[PDB]
Amino acid sequence: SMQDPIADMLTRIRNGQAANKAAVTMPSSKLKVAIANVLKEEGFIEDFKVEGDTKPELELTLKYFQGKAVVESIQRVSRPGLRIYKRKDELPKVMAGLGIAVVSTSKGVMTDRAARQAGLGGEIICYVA
Amino acid sequence: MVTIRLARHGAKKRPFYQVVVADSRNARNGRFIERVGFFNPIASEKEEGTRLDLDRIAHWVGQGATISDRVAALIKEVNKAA
Amino acid sequence: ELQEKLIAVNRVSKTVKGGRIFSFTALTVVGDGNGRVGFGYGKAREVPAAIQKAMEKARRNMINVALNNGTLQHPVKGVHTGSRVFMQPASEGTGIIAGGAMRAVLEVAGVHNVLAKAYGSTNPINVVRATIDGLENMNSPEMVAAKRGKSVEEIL
Amino acid sequence: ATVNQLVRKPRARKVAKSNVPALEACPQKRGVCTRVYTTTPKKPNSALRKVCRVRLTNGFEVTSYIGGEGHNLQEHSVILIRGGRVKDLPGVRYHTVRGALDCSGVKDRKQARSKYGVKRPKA
Amino acid sequence: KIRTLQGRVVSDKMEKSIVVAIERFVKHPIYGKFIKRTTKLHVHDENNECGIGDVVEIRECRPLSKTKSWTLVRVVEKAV
Amino acid sequence: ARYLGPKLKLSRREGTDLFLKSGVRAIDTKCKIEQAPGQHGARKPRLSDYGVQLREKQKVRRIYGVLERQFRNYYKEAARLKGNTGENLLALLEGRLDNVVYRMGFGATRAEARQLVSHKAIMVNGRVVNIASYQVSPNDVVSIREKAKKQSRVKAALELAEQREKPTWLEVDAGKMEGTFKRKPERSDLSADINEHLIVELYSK
RNA sequence: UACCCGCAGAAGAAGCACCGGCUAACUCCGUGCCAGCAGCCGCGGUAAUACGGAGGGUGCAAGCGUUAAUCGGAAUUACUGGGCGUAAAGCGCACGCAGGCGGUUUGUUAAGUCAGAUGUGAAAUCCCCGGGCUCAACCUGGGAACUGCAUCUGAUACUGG
RNA sequence: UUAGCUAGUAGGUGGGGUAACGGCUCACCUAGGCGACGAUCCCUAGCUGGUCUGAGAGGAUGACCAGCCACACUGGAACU
């Protein structure tokens, strides 16, 4: 059965980039739209949009620069089989700080650098670079 | 009874005594309740060869700790110099 | 101008009706002590001719690696058929911590302080292919900044 | 593979056995040799290897190779085995040190003298 | 204000005593997985109001018996 | 704890002059410097990468007369300190007492300077110091003893010292026979033919 | 006693392992699958850089080799960090209790998680900056670290009720 | 290639006992209590701060120093 919608979202993004798709569509969720918002303000996806009322569908407009895809490595970190939680002083720097790590803190979900600035840790949802 | 004494903690022929608050039954270099200072018997000039935490030492004497003969002389020296 | 290094020379064979024919293969790497490096694999019946073919093949099909002042720019890992390779930047004066073919290709490629490690098979041809593969897909701060459309200060 | 499986049954290590069990984690062991004989080596080589069957002081009965050229070893001699197999003999796993309690050193040896127990020749 | 624990009641057959299972959630020391670990405790239950499957709240007190050092303070979710 | 064999043999094996002699005479007039020692010296065998790293390490060790145990301790200390490992190791090596005595020209060779230090003829900050491996710090003034100040070899070495380049991190007064170590020598002051990065990767396998 | 001063004289003071490849360092003579070497691949069967001796060289040095034992290399029990078509590896197939995991929205709780504070984590040892034995080993001042546990207050995005 | 273990055994009332709580002990009543998150049985082992190694996570280890426990020819028992 489908037991990890966030991983499914990351997988749709990765496959669409590999297959040179302009946009991808998936069933929405408040956490998916939140990660999508983080990616848009960090310049990984062009724009996100959610339509529908009873079964809302989120559509992500992918981004391409110089022919090739922008996101070249995206992976789920805390997966249902093994959860990962890290304190603020030991947060990881993905690709020496050039990449980002989507971390879910108490004050919403934000990037690792923002979490370090704000001084609080949380659950590490995924790395994206 | 609780005492304040010297712990021989140093190399051969160059002693260095740690002024510790220890239960008198225990060994010299062994168990102690709180460390309250040091005493270097062979120290040269320009460096403090003795430092005592007189506040804690006074607190322990108020708590009932006795004082050794050498510890008494060292407190006398510290209070005379300072 | 370019520095050329010979990595490994071995004798390959080939059996024919007459008997065994022994040939030589030469794996060399060339580079400009900066971002340009390239490897060549030549084969002939004699070792001078083999090394010469290797140098000509190495001087062509080179790539530009966006390296830092004297080191890499982030931990990167590469793979080519049997050698999972991982390498990361190091502080000044620690040297090239690498083994076999990796040491030669890094040294010629201009990096000076790097911690490296080779997993899987440590076959020289495969590790020198995997090393330049990782180096080729190593992102730079300006490239990722221009790619995502943000300033280099915004990404740090 | 799966973390759940590893929680239910942890990763078993691989206990390595010693290739010199008769020493019992001691650097050398004294023994008295019950037999002194020769034997032939394995497939590539051919010789008459000088070996002795020794009874160790801990009860074990093992064979040991007598290094060097020539030896005065006969039955009821107290020697010292030290470990280290010879690749090319089946079942010989130990070497007898030359120069300990009865086994004299190899005569006319001028190089690698320490390994066979010979005093320095005075000039 | 005072240290207190909660847990399911797994047994109540003996008079004036019940067995309480505290269920903590600890990370595994090596593999990092969060697993449920239970700890059965013998708890003094005056008046015997507790039954099978009711979550209770216990506090540690002086030793009532060989295996009883905890006692309950109230009972919530008394349903069958 | 000191090498007592032929000095020029080491220089021949390393290929270059390791300054193991005073420098009054031409090196070529005493040895076949371009040729490795021994019977099979004419041949130039192809040296392995481990070989070139080991040769550089031995080259430096023979230059400064240090042994392996002391050198490895120096490397551990250098690796422990902050900054560039190679510069720290070269600085630590350059901070030795006898080495500083040679740089100041009191001793013609480093071996002569070492014998000078060991034979109670040097004083660091007025106190007699006898240990050859003594690390000197910035702003330290070193001088010969009053009794040993009349030795012919000392002035004979001071005149020879003028032929070589003058260290920019020292201040020597040849009349009173005293110097002043004001700072640890930067790599740019050191000879650039030593590839210290080979040693720092040879020892960190 | 440490330490210092004076006296005579280069005297009273260098050995061990290795040199076919791994592995830095090569030739000659005796022996002919014998004697023998060896940690692995492997030498020696009458032209051995692989045995034994000599000369030369290489590495260490008041030590040098060999053995025993642990870790590393070994990503060769892989949590970080491996695989299962043919190299070792998908149970012959299915149902299913305990167990692991779970679509999407709102409210409540705060157990898991995160932040802060307090108590504690003995001294020594490890690490940082200094000080004392001529230096070093050694001793020592102060700090950091002891990644943990308990309590109080708060955050509620994710997991759990 | 140890799946069942336990009758003072688990709990209650009361008496005795300990410096002190307590099946620590005794009389009666209840038939319980431990166990797949490994009880019971077998082999090995003093435990810790730490030590060696490793980049780290780990692996191995507990000699010197220091903390705790246990033992004094072997097996018990009390007295001050």
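Residue numbers begin at 1 in each chain, while the letters A, B, ... track the order of the sequences. Computed over heavy atoms, backbone and side chain alike; hydrogens, waters and symmetry mates excluded.
Enclosure of atom CZ in D:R30 is not indicated, since only 12 or fewer non-hydrogen atoms of other residues, nucleotides or ligands lie within 6.0 angstrom.
Residue-level contact check: F:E68 touches the backbone only, with heavy atoms under 4.0 Å from sugar-phosphate atoms and none from bases. Heavy atoms of E:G32 sit nowhere under 4.0 angstrom from any nucleic acid atom. Within the 4.0 angstrom heavy-atom criterion, base atoms lie near F:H119. Here D:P44 lies in heavy-atom contact (under 4.0 Å) with a base. Counting non-hydrogen atoms under 4.0 angstrom, D:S18 reaches the backbone sugars and phosphates but no base. Nucleic acid contact class of B:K12 (heavy atoms, under 4.0 Å, all strands): none.
With hydrogens and angles left out, the side chain of D:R11 and the base of G:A78 share a donor-acceptor pair within 3.5 Å. With hydrogens and angles ignored, no donor-acceptor pair closer than 3.5 Å exists between the side chain of B:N29 and the base of G:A123. On a pure distance criterion of 3.5 Å, no polar donor-acceptor pair joins the side chain of B:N40 and the base of G:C139. Evaluation of atom-type donor-acceptor distances gives a pair under 3.5 Å for the side chain of D:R49 against the base of G:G36.
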Measure all distances between protein nitrogen or oxygen atoms and nitrogen or oxygen atoms of nucleotides 69-71 of chain H, and list the pairs falling under 3.5 Å.
none

Report, one pair per line, the protein and nucleotides 133-135 of chain G atoms (nitrogen or oxygen only) whose separation is under 3.5 Å.
residue: G:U134; atom: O2; partner: F:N130; partner atom: N; Å: 2.4
residue: G:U134; atom: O2; partner: F:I131; partner atom: N; Å: 3.3

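Aromatic rings of D:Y94 and D:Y65 (six-membered ring for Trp) have centroids beyond the 6.0 Å cut-off, not under it.
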Q) Which letters describe nucleotides 3-17 of chain H, given B = protein heavy atom under 4.0 Å from base, S = only from sugar-phosphate, - = neither? A) -------SBSS----

**Q.** Contact letters for nucleotides 140-150 of chain G, in which S counts primed atoms plus P, OP1 and OP2 and B counts the base, heavy atoms under 4.0 Å
**A.** SSS-----S-S

Q: Let me have a per-nucleotide readout for nucleotides 50-62 of chain H, 5' to 3', with B, S or -, counting only protein heavy atoms under 4.0 Å.
A: --------SS---

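Under 4.0 Å is where a charged nitrogen must lie from a carboxylate oxygen, and between E:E77 and E:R8 no such pair does. The pair A:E90-A:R87 does not count as a salt bridge, with every side-chain nitrogen at least 4.0 angstrom from each carboxylate oxygen. Residues F:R62 and F:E14 are paired through a salt bridge, judged by an N-O separation under 4.0 Å between the basic side chain and the carboxylate.
Partners of E:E57 according to the salt bridge (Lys or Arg N to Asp or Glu O under 4.0 Å) rule, which considers only residues two or more places apart in sequence or in another chain, are E:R74.
Both B:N26 and E:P63 lie close to RNA chain H; mapped to their nearest nucleotides by heavy-atom distance, the more 5′-ward contact belongs to E:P63. A residue-by-residue look at E:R24 and E:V19 shows that E:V19 has its nearest nucleotide of RNA chain H further toward the 5' end.
In a base pair of the Watson-Crick type (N1 to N3 plus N6-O4 or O6-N4) or a G-U wobble (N1-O2 and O6-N3), with each distance short of 3.5 Å, G:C40 is matched with G:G21. The partner of G:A117 is G:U151, by the rule that a Watson-Crick or G-U pair needs both atom distances under 3.5 Å.
Taking every heavy atom of both residues into account, B:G49 and B:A43 meet most closely at CA-CB, 4.0 Å.
E:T71 and E:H44 are not linked by any side-chain donor-acceptor pair at a separation below 3.5 angstrom, with hydrogens and angles left out of the test.
A canonical Watson-Crick or G-U wobble pair links G:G141 to G:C129, with each of its two hydrogen-bond distances shorter than 3.5 Å. Under a 3.5 Å limit on both donor-acceptor distances, the bases of H:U51 and H:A60 meet the Watson-Crick or G-U wobble criterion.
Closest to the side chain of D:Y65, out of G:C37, G:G36, G:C60, is G:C37. Distances from the side chain of A:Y85 to the nucleotides G:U113, G:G73, G:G15 place G:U113 closest. Nearest to the side-chain atoms of D:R120 among the listed nucleotides G:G82, G:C16, G:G53 stands G:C16. The A:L120 side chain lies nearest to G:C114 when the options are G:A24, G:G57, G:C114.
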